[PDB]
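Asker: First, the structure itself, so that you have it in front of you.
Every read-out reported here was derived from the displayed coordinates using simple, explicitly stated rules and does not represent laboratory data. Neighbour counts run over all protein chains shown; Cβ positions are idealised from the backbone, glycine included.
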Amino acid sequence: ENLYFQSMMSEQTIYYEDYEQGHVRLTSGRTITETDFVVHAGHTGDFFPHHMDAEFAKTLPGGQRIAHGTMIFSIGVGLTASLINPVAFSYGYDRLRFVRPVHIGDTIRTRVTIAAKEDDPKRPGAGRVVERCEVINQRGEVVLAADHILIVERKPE
Amino acid sequence: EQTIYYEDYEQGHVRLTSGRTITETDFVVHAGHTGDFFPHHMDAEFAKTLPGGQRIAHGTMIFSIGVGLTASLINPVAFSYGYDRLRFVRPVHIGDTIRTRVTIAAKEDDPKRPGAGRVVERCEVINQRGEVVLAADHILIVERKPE
Amino acid sequence: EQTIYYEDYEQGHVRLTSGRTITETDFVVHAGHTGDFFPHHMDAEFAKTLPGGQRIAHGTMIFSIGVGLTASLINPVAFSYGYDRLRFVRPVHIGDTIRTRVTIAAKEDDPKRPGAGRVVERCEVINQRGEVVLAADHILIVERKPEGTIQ
Amino acid sequence: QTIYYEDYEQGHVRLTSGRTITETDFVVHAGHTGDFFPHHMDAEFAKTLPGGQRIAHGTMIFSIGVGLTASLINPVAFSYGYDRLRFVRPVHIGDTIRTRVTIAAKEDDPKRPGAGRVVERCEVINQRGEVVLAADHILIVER
Amino acid sequence: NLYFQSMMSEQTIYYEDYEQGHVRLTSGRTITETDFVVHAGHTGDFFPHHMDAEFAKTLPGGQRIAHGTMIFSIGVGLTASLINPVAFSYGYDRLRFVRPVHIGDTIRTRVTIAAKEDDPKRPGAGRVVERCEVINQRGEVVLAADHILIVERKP
Amino acid sequence: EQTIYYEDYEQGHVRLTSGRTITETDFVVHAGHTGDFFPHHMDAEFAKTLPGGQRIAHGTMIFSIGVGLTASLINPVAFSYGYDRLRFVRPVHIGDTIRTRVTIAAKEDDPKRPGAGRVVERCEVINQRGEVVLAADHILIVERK
């Protein structure tokens with residue numbers, strides 16, 4: 001283990017064998033603000049009026065501006081970035097789904113569940129772990145879901 | 001706004017966006033926006049330990065900006081259902097420049113909706129070496145032309 | 001990148017951008033970006049004592065966002081020379097929504113630049129009531145299509 | 001600019017103009033610092049707090065509070081530190097703050113005879129005139 | 001009061017006190033890559049001349065150039081002052097983009113009270129033109145504009 | 001989230017945060033957030049004339065970021081009363097990387113709160129050379145178990 005992580009409270013090294021199927025964690029919450037809409041637009045270059053024009057949004061089903069899909073994804077994932085596992089590599093995501101729209105003033109939390117574990121066909125010293133991520137709003141409704149695929153080092157001899 | 005119905009999507013149609021250089025500011029803004037300050041992205045000293053020896057962009061940043069580059073016109077009769085097979089193919093470093101290729105990759109009927117079809121838009125983000133750094137299949141549910 | 005040569009600009013052509021609501025965020029970002037935190041812009045209590053009773057939008061913010069709304073139309077053969085008659089016309093309140101109307105107001109030969117022409121694009125920033133809040137004449141130096149050799 | 005040590009006058013008070021603390025400022029402060037604690041960032045959680053709404057980060061009230069005094073920054077004063085920084089009252093979205101700076105003390109230093117200690121008492125006040133933050137700024141000033 | 005000073009939130013300056021020929025030069029501010037990225041984010045303008053370093057190699061100076069609205073906004077911002085209750089800011093004339101600004105250039109703004117004129121429709125006010133010139137670290141003018149004020153005459 | 005009561009704090013316990021490189025972006029964002037654009041921080045040409053020859057970070061930025069690095073796990077049972085002895089020890093420059101060392105420095109009975117105690121957490125912001133650049137004593141009022 002790199003000396004960096006010595007004395008780091010937020011570091012939890014979990015090797016492939018020690019991931020527990022069914023383990024669940026839930027993040028703290030974050031209210032999605034009009035600032036977040038404007039920051040996301042400026043960061044990504046997406047200024048579509050569905051996100052940025054309160055007058056146009058009155059004509060939409062639902063009558064209000066809706067958050068960019070990539071914002072709910074980025075923030076939902078970002079909420080999980082508290083504990084670092086230095087032995088896990090982020091390979092990608094499967095089945096990213098936009099389940100419900102998110103509006104200004106909604107508050108989100110992310111639930112992360114260890115879903116599946118398999119051998120890595122390419123690397124014998126690693127395994128694959130799927131973390132199911134569910135972003136939930138203040139009504140307890142899923143607004144986004146995705147399966148995060150991690151390539152996790154096996155524990156050393 | 002340009003209404004494009006299911007039947008008008010052309011399998012194999014491709015567009016490539018303009019380029020955007022990914023800067024250290026983008027790393028710092030992404031961390032600030034998302035809450036992800038992991039040292040692989042934010043600590044230049046720690047990042048010397050990575051195979052590239054330098055900080056790597058968040059996967060969600062390359063996704064968000066990659067997709068953002070394609071946000072040039074809206075189709076009011078296409079619903080963004082989700083993405084399949086999002087892959088972080090190669091790291092992106094400060095100073096790399098990305099462009100996004102969007103391809104109409106597949107079209108299928110929708111089992112539940114006879115009034116709509118599914119269109120898969122393949123999104124491939126490429127760097128200044130012409131290498132794919134991120135790929136994902138965008139799933140759209142697109143209404144059929146009336147009558 | 002869509003190229004339009006001088007001769008293809010159509011006198012009197014009008015285009016209108018998509019809209020964008022001017023938010024309190026935009027005020028705070030503009031103040032932070034430009035260094036202008038004076039209380040007529042940034043102090044809601046003091047602003048109660050001003051004509052109108054509300055924080056006053058930075059003129060440069062309405063200009064920068066107003067022009068920014070037009071950015072999708074990229075003309076690589078046009079050089080931005082400057083602007084004439086930048087006018088601050090009406091208040092813009094937090095929550096107002098703006099669009100920019102761009103009209104080809106004038107085309108003229110430029111004697112200093114034989115391979116180019118001058119195009120004036122009148123830009124009018126309009127609010128949700130259709131009122132002009134800011135106007136400016138954008139001066140473009142636009143390349144002519146290559147001089148042909150006429151046989 | 002400049003104010004030499006002898007030019008400071010104990011008891012002098014300066015009151016800044018105001019700045020309204022916005023939701024933007026909360027979100028920017030979290031992004032800038034990495035502090036996303038739910039007291040600041042989660043309006044549902046914040047309903048459980050005594051005020052029932054989100055409260056500004058102490059470091060934001062400090063940074064913006066001190067920033068209001070910037071047009072008055074003396075280039076001949078080394079900023080040594082602060083004593084007795086206190087988070088007196090919460091600041092909510094939409095509150096407006098001003099900073100009151102009082103020259104609280106001047107003392108000769110046993111380490112530099114060619115300089116003196118100046119203490120500037122800083123009080124951030126809200127639109128109700130209530131102190132929300134206080135701190136003693138220690139300056140080492142050229143004699 | 002020597003012992004209690006309240007910073008103003010406004011400051012009245014009548015026509016006669018804009019003294020023609022008066023010059024002021026602001027402090028400097030280095031224009032950074034952050035400023036380019038923030039400006040694009042703020043305005044929605046991501047044009048490759050400003051945002052694509054590879055594309056910019058093909059341009060005459062070989063590098064990204066600042067948005068005109070950025071140099072204007074920051075240049076004016078450097079000069080920002082207290083609201084003047086007796087002056088109306090009409091807008092600007094003859095805004096010119098004189099030279100490109102690159103990442104790492106440092107700018108200051110020079111404001112000269114350039115011309116004063118009577119107003120035929122307003123005997124109790126007069127027109128004041130403030131010539132604003134944004135200069136870079138070499139002292140070259142990169143942007144110029146004439147700020148137009150209508151200012152009440154002293155009672 | 002982790003609840004730690006007064007008795008649970010261990011005199012002398014030490015932790016170090018993750019690190020963060022202080023970038024030019026952080027300087028620009030700090031100025032934009034605080035309204036302080038003074039040339040020592042924001043003018044690279046002027047800064048050549050200063051003793052170090054380069055722009056120096058705002059004290060309030062090193063404090064805000066240095067403390068922010070510690071904000072990874074809420075203790076709901078602790079109240080943030082203030083800080084003593086905030087000291088600006090060394091300048092921080094663009095490209096310096098900081099992390100924060102947090103030490104439980106002192107524990108004592110709260111004079112007026114029977115059901116709480118007082119904990120001092122010394123925060124030392126440390127650069128890439130391991131040098132302390134900023135120190136502050138975070139004063140916590142912590143509920144008894």
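Asker: Between the stretch B:10-66 and the stretch C:4-43, how many Å separate their Cα centres?
Answerer: So the separation of the two Cα centres works out to 28 Å.
Asker: I've got another one for you. Check each of the GluC sites (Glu not before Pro) in the stretch E:9-42 and keep only those in coil by DSSP with at most 13 other C-beta atoms within 10 angstrom; list them in order.
Answerer: E:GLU19
Asker: Further, regarding this structure: If the elastic network links every pair of Cα atoms under 10 Å, which of D:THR59, D:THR99, D:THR48 fluctuates the most in the Gaussian network model of chain D?
Answerer: D:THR48
Asker: Something else now. Hey, in the GNM for chain E with a 10 angstrom Cα cutoff, which one of E:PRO85, E:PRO60, E:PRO100 fluctuates hardest?
Answerer: Looking only at E:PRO85, E:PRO60, E:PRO100, the biggest GNM fluctuation is shown by E:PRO60.
Asker: Ok, one more. Using helices alone, what [θ] at 222 nm do you get for chain F, with -39,500 (n - 2.57) per DSSP H run of 4 or more residues, divided over all residues and rounded to the nearest 500?
Answerer: Only helices count here, giving -5000 deg cm²/dmol.
Asker: Run the numbers on the stretch C:86-151 and let me know its relative contact order in percent, using alpha-carbon pairs under 8 Å that are six or more apart.
Answerer: Values: 120 pairs, mean separation 22.8, N = 66.
Relative contact order comes out at 35 percent.
Asker: If I take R0 = 60 Å and measure r between the Cβ atoms of A:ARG154 and D:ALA70 in this structure, what FRET efficiency does the formula 1/(1 + (r/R0)^6) give, to the nearest 0.05? Each step should come with its number before you reach the end.
Answerer: Values: r = 54 Å, r/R0 = 0.91.
Taking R0 as 60 Å, the efficiency between A:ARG154 and D:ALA70 is 0.65.
Asker: Please identify, among E:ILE107, E:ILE31, E:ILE83, the residue showing maximal mean-square fluctuation in a Gaussian network model of chain E using a 10 angstrom Cα cutoff.
Answerer: Sorting by GNM fluctuation, first place goes to E:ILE83.
Asker: With viscosity set to 1.306 mPa s and temperature to 10 °C, compute the Stokes-Einstein D of the stretch B:18-100, Rh being the Kirkwood radius across alpha carbon pairs; µm²/s, no decimals.
Answerer: 113 µm²/s
Asker: Taking Cα pairs under 8 Å and at least six residues apart, what relative contact order does chain B come out at, in percent?
Answerer: It comes to 31 percent, rounded to a whole number.
Asker: Expressed as an acute angle from 0 to 90° and rounded to the nearest 10, what is the orientation of the C-alpha long axis of helix F:59-68 relative to the principal long axis of chain F?
Answerer: Value to nearest ten degrees: 40.
Asker: Now, a different point. Take the alpha carbon atoms of the protein assembly as shown, find their radius of gyration, then divide it by 2.2 N^0.38 Å using N residues; give the quotient.
Answerer: 0.97
Asker: Continuing with the same structure: Any chance you could list the semi-axes, whole Å, largest first, of the equivalent ellipsoid that the Cα gyration tensor gives for chain D, using √(5λ)?
Answerer: Three semi-axes, in Å: 33, 14, 13.
Asker: Tell me, how many Å apart are the Cα centres for the stretch C:101-126 and for the stretch F:72-145?
Answerer: Between the Cα centres of the stretch C:101-126 and the stretch F:72-145 lies a distance of 61 Å.
Asker: Return the long-range amide H neighbours of D:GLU130 (sequence gap of 5 or more, or a different chain), with a cut-off of under 5 Å between placed amide H atoms.
Answerer: Amide H neighbours of D:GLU130: none.
Asker: Kindly provide the trypsin sites (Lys or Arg not before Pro) of the stretch E:1-82 that DSSP labels as loop, not H, G, I, E or B, and whose Cβ sees at most 16 other Cβ atoms within 10 Å.
Answerer: Taking the stretch E:1-82 and a limit of 16 other Cβ atoms within 10 Å, the loop trypsin sites (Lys or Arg not before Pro) found are E:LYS57.
Asker: A follow-up question, please. Given C:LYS112/E:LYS57; A:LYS58/B:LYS112; A:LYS58/B:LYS107; C:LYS48/D:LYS47; B:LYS112/B:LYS145; A:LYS58/C:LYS48, which pairs have Cα atoms separated by over 24 Å?
Answerer: Distance filter (> 24 Å) returns C:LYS112/E:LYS57; A:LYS58/B:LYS112; A:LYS58/B:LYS107; C:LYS48/D:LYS47; A:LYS58/C:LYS48.
Asker: Write down the radius of gyration of the stretch A:72-113 and its Dmax, each obtained from C-alpha positions, in Å.
Answerer: 12.3, 36
Asker: How far is helix F:24-34 tilted, in degrees, relative to the longest principal axis of the Cα atoms in chain F, given as a value from 0 to 90 rounded to the nearest 10?
Answerer: 70 degrees
Asker: Hey, with R₀ at 30 Å, roughly what FRET efficiency would C:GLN128 and C:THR49 work out to, going by the Cβ-Cβ distance, to 0.05?
Answerer: 0.70
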